[PDB]
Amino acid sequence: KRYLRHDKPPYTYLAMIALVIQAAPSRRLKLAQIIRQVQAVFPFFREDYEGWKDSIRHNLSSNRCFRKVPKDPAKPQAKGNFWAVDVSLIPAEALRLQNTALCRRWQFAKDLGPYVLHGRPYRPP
């Protein structure tokens, strides 16, 4: 299939995943919860493109900041892991608002650092 950019929130997948994880009482979430929460918290995805869900899954594995946490520490788990974030491994620029066409046509928090790094609750207009 032809590569296409699709409308999405103007924050990295890393940032959005980290934000919803850090907002979870236990600071960890499963994949399906991460997907539902990202869309809920950043509702700039379109009904006609589902591939952002694959990109979320890809970002959990591709970024060192995400940690696969087994239900039982003593028993690693092929599947169904919780995901946590090591904020020390988040690149600083990863949390910055992105200057995309979608950002520009709407003009958003300038940086998600308060919510990911400093325990603040995310509450967008």
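For every residue, the number given is its place in the sequence shown, counted from 1.
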**Complete:** Per the record, the count of deposited residues between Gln107 and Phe108 that have no coordinates is 4 to 9
**Asked** Of the two stretches 95-103 and 42-50, which shows the higher Cα B-factor on average in the entry?
**Response** 42-50
**Stretch with the greater mean C-alpha B-factor as recorded in the entry, comparing 10-18 against 113-121** = 113-121
**Prompt:** Whose C-alpha has the highest temperature factor in the PDB entry: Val69, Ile90, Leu60, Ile34?
**Reply:** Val69
**CA B-factor placement of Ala78, once the chain's modelled residues are sorted into thirds** = highest
